[PDB]
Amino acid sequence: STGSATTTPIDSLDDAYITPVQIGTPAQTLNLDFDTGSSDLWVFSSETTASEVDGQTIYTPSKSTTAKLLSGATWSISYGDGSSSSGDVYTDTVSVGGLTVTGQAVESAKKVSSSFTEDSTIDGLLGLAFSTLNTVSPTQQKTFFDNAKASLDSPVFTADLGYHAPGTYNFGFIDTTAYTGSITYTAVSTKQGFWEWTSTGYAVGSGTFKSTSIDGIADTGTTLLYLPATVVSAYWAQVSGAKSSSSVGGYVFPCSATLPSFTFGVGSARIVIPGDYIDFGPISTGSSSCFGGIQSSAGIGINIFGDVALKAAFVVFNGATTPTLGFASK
């Protein structure tokens, strides 16, 4: 089997991407944030504290003839941005772009963090990291991909995120028309439950390539590119007027400035992030100071290849017995 679904930016800055997901019988379609940095499929629901719902589409398990309470099961999660949610669990039928999984764990939110409430465009998350990170207790649950894997033509999914435009998530096949050149594959460690790999280095604009190992995670659920302070300093030093602002919480720059590209290494291959991708607009409405899309990972404990990096490539999440990651230009 295969599946193919379009993923769409939630706003003009590509802060996140939403993908339609059919849940239950008859289908209830929710727009979920596909997140390769986490492993819970959780949704706003009829059970969510009413004051914490503000515009989102909810899942109502009582209206689904295939929904079954996973008795005794609870879930609770906290994300890297300080957001969180918790609730109970149903199994139900979940379809993405024509690919159907029966008995998928659907985690119903009873409580969500204010940041989720405040984003009316995201109805929940669909986690695509390794199932070892799943927070369901007492019985850990499998991700949508884990459940689908044996049925897929090939045990892979691909992320093809657009710049200020829709893109595509495919399951079970590699669309050879979606990228240029070849796909370079690179080793993955699953020890932290992430799609964790090691970049071979970086260049800033037309600058010479610096060969240096950068360990990080491929994370569709994170907006920006978070890299070591040395690397990030080298980048912003090439932007006139750029400064790290403690009160803003990162590097800012005047948008009258021209951003250089940023290249990262995948084995001997190179992915180029155009400078335009690194512009995230005024820090506040009407401000002449713009927020940068490359920021320091120093306070995080891990480097994150977020949407800023991934949307510059066609990315293969290979769930073979020994998982790997593939990157191609496009």
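So that there is no doubt, residue numbering starts at 1 and follows the sequence shown. Take the two forms, superpose them, and find the largest set of C-alpha atoms that agree within 1.5 Å; that set is the rigid core.
Core-superposed in 8 other deposited structures of this protein, which stretch deviates more in Cα positions, 84-92 or 252-260? Greater root mean square C-alpha distance in 8 other deposited structures of this protein: 252-260.
If you average the Cα B factors in the entry, which is higher, 173-181 or 242-250? Higher mean C-alpha B-factor: 242-250.
Residue stretch of maximal mean CA temperature factor, 42-50 vs 269-277: Between 269-277 and 42-50, it is 42-50 that shows the higher mean C-alpha B-factor.
Have a look at 302, 32, 294, 58 and flag the one whose Cα has the highest B-factor in the entry. 302 has the highest C-alpha B-factor of those listed.
Options 160, 196, 119, 219 - largest CA temperature factor per the record: Spelled out: the listed residue with the top C-alpha B-factor is 119.
How does the C-alpha B factor of residue 87 compare with the rest of the chain: lowest, middle or highest third? As the PDB entry reports it, the C-alpha B-factor of residue 87 lands in the highest third of its chain.
Position of residue 4 among the chain's modelled residues by C-alpha B-factor, lowest, middle or highest third: It falls in the middle third of the chain.
Where does residue 187 sit by CA temperature factor within its chain: lowest, middle or highest third? For residue 187, the deposited C-alpha B-factor lands in the middle third.
Going by the CA temperature factor in the PDB record, which third of the chain does residue 208 belong to: lowest, middle or highest? Residue 208: CA B-factor falls in the highest third of its chain.
Pull the Cα B-factor of residue 260 out of the PDB entry and bin it into the chain's lowest, middle or highest third. Middle third by C-alpha B-factor.
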